[PDB]
Amino acid sequence: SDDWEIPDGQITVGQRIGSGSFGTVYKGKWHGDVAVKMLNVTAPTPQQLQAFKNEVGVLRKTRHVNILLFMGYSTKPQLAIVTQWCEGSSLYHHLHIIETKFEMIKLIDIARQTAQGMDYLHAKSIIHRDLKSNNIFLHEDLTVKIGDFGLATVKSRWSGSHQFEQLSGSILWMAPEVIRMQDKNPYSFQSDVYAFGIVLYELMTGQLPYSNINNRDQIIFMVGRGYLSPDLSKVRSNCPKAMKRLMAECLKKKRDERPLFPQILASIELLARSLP
Amino acid sequence: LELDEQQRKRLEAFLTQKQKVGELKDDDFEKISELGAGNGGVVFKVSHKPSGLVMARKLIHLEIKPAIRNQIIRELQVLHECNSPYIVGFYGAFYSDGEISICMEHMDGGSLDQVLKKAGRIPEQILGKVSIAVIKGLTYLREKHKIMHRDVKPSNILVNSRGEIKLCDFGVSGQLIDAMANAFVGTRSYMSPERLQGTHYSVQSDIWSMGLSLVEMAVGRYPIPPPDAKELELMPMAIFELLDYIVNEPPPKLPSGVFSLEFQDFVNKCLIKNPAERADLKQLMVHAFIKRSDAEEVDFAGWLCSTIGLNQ
Ligand SMILES: Nc1ncnc2c1ncn2[C@@H]1O[C@H](COP(=O)(O)OP(=O)(O)NP(=O)(O)O)[C@@H](O)[C@H]1O
Ligand SMILES: Nc1ncnc2c1ncn2[C@@H]1O[C@H](COP(=O)(O)OP(=O)(O)NP(=O)(O)O)[C@@H](O)[C@H]1O
Ligand SMILES: O=C(NOC[C@H](O)CO)c1ccc(F)c(F)c1Nc1ccc(I)cc1F
Ligand SMILES: [Cl-]
Ligand SMILES: [Mg+2]
Ligand SMILES: [Mg+2]
């Protein structure tokens with residue numbers, strides 16, 4: 001088979017963990033513990049399969065301490081992504097399910113490591129396209145590992161060479177221009193920055209945005225039109241003023257007004273030092 | 001409730017079956033077959049072995065804190081009080097294996113969404129009976145429980161070979177609605193324009209959703225954006241653009257000439273963008289389309305089994 005492709009019957013597929021916006025995750029064994037994500041795209045055209053393999057060639061070279069290790073892929077019995085299995089919980093589970101009480105020095109450090117990993121992804125010209133706290137893991141309660149980046153080719157089913165892109169999974173982290181799906185390239189470094197802005201919101205508030213709105217279509221419409229944005233007054237009192245400012249810059253409605261990650265990482269690192 | 005003799009007979013039989021059902025436990029179910037999947041859930045036909053009953057079991061996987069989960073399970077228990085000929089019966093809601101289960105009566109006709117695909121288009125005289133059932137279901141939920149449906153659409157109107165038409169998936173749990181808003185997305189929407197903008201006009205938005213659903217079932221096609229010209233004489237937009245269209249464009253309408261003037265007026269009154277000028281439930285119940293439909297003899301069970309391929 002092909003480079004970094006795992007042949008049929010090498011992964012022992014174990015328990016089903018759950019499914020998200022574009023696949024279903026299983027715990028597996030393959031030279032250690034792995035997560036195996038069975039892609040929703042089960043029936044891929046030769047053009048789609050080729051563009052997916054080209055994308056895998058990129059992703060497999062993205063090695064960094066804050067990036068979940070890309071381990072391989074399978075085409076038989078079905079299309080699948082094999083990644084490092086994370087011990088412990090995603091940041092989403094810690095913040096919103098376990099309600100782990102982190103101190104502020106450690107919230108800042110989680111945001112620092114995430115910005116560190118995002119900085120690397122963008123240095124390698126990779127748009128994450130799906131940053132959210134479910135895709136940030138606190139591995140062994142220490143290191144931040146960002147997962148589920150790239151993979152644009154399988155986040156939409158293909159009709160020949162053209163693919164229609166539709167919103168999938170949670171919308172809370174999507175920039176206004178991602179929601180609208182109107183520009184030529186809705187996804188950009190800046191739309192990742194926005195998503196990071198929302199992650200900052202979760203870290204500094206303990207809450208998902210739009211907690212007072214239970215109508216998803218109202219959120220889609222109003223965020224998309226720019227009429228609605230996270231309530232920054234839910235930020236907790238011990239959040240450094242500079243972190244609130246950085247958050248607001250990441251969440252700017254107009255993508256061109258958002259900073260990039262070298263500047264974001266530099267701000268968090270400065271804040272971490274000028275902090276009790 | 002009002003209830004003809006046959007409706008009170010079936011309602012009583014359902015309560016009788018429900019007494020056979022004690023506590024619902026995952027081990028007591030046996031999968032029969034899949035009934036369908038939404039964008040946040042999956043529904044199976046199942047046998048409840050202790051009771052012998054067949055039910056439809058909806059499973060929802062939500063990654064939520066246990067306090068919120070427990071509140072959702074508490075709120076769903078109100079479904080034990082939702083007994084109406086126009087409401088899908090309910091057996092139980094519980095949590096197990098990371099999954100919220102909602103166990104309801106199995107409707108062998110499926111949803112009107114499925115039925116619409118098999119029918120092509122649903123005839124006006126059938127749509128009259130559907131409207132009566134939806135109006136009456138929404139009235140039951142609002143008057144007897146203060147419940148607002150919040151998700152009226154063809155896939156949530158269920159039918160069966162006895163000819164019953166019943167509402168399901170209504171907003172008995174605002175916690176469940178909120179958790180699902182955070183976790184999934186649709187590809188289309190039946191949300192009213194005023195709620196898209198954050199304005200709350202009680203059940204006026206369910207009436208908007210109904211009107212939209214009636215247009216879709218009449219013409220055989222989700223009606224946002226309107227059909228283009230020659231498309232109509234044979235008689236894909238992303239989620240955000242659909243919502244923007246609902247808010248900023250005139251509402252859909254039935255084709256003229258193809259449908260009675262009463263039916264056209266009935267859906268027009270439902271689809272007024274101004275939620276106060278929109279008809280309410282009391283006004284729809286005496287609308288000419290409904291008065292006419294209520295007096296027509298329509299073999300709804302016959303038409304449904306015929307459409308689906310089942311026997312009588
Ligand atoms: N590498 C991993 N190690 C351990 N658990 C994982 C891993 N990747 C995903 N999971 C879990 O598997 C489940 C499904 O994840 P996933 O399909 O990625 O959906 P999601 O992260 O919630 N949203 P999305 O990634 O955008 O589709 C969740 O409970 C994750 O925490
Ligand atoms: N009580 C029932 N009896 C029989 N079939 C049912 C029952 N409840 C649901 N179904 C079927 O299961 C399908 C999936 O239901 P559901 O999970 O609510 O998603 P949906 O309503 O179809 N679409 P959406 O709400 O946009 O996610 C429905 O379309 C029906 O076909
Ligand atoms: O099920 C619901 N929405 O559709 C869920 C789809 O899976 C989304 O894809 C839903 C939402 C809020 C709420 F309060 C409920 F009680 C719900 N379920 C629900 C309500 C009444 C009956 I009788 C049976 C049911 F199941
Ligand atoms: Cl499998
Ligand atoms: Mg994920
Ligand atoms: Mg439904």
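Below, read A as the first sequence line, B as the second, and so on, with proteins coming before strands; counting in each chain starts at 1. Any value given below was found using the heavy atoms of this structure, including those in side chains, with hydrogens, waters and symmetry copies removed.
The most heavy-atom pairs under 4.5 Å with chain A, out of B:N182, B:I239, B:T187, B:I177, come from B:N182. Of the residues considered (A:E165, A:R225, A:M181), A:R225 shows the highest number of contacts with chain B, using heavy-atom pairs under 4.5 Å. Of the residues considered (B:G98, B:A67, B:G198, B:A238), B:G198 shows the highest number of contacts with chain A, using heavy-atom pairs under 4.5 Å.
Both the backbone and the side chain of A:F221 come within less than 4.5 Å of a heavy atom of chain B. Using a 4.5 Å cut-off between heavy atoms, B:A183 contacts chain A through its backbone alone, with no side-chain atom that close. Interface remark: A:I213 contributes backbone atoms only to the contact with chain B (heavy atom separation under 4.5 Å). With a threshold of 4.5 angstrom between heavy atoms, A:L208 approaches chain B through side-chain atoms but not through N, CA, C or O. Using a 4.5 Å cut-off between heavy atoms, A:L172 contacts chain B through its side chain alone, with no backbone atom that close. For a residue to count as touching a neighbouring chain, one of its non-hydrogen atoms must lie under 4.5 Å from one of that chain's; by this rule A:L95 does not touch chain B.
Side-chain contact between A:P44 and A:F52 is absent, with no heavy atoms from C-beta onward closer than 4.5 Å.
Of the residues B:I135, B:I87, B:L167, the one that meets the side-chain contact (heavy atoms from CB on, under 4.5 Å) test with B:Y140 is B:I87.
Taking a cutoff of 4.0 Å between a charged side-chain nitrogen and a carboxylate oxygen, B:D26 and B:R57 qualify as a salt bridge. In summary, B:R142 and B:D206 do not engage in a salt bridge, as defined by a charged side-chain N under 4.0 Å from a carboxylate O.
Aromatic ring pairs are classed by plane angle as parallel below 30°, tilted from 30° to 60° and perpendicular above 60°; the pair A:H94 and A:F102 is tilted.
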Show, in sequence, the C-alpha distance, side-chain angles and deciding distance for A:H93 and A:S90, and conclude whether the side chain to side chain donor-acceptor pair (under 3.5 Å) test is met.
CA-CA 5 Å; A:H93 286 73; A:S90 75; 2.6 Å; yes
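Aromatic ring centres of A:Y187 and A:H128: separated by at least 6.0 Å.
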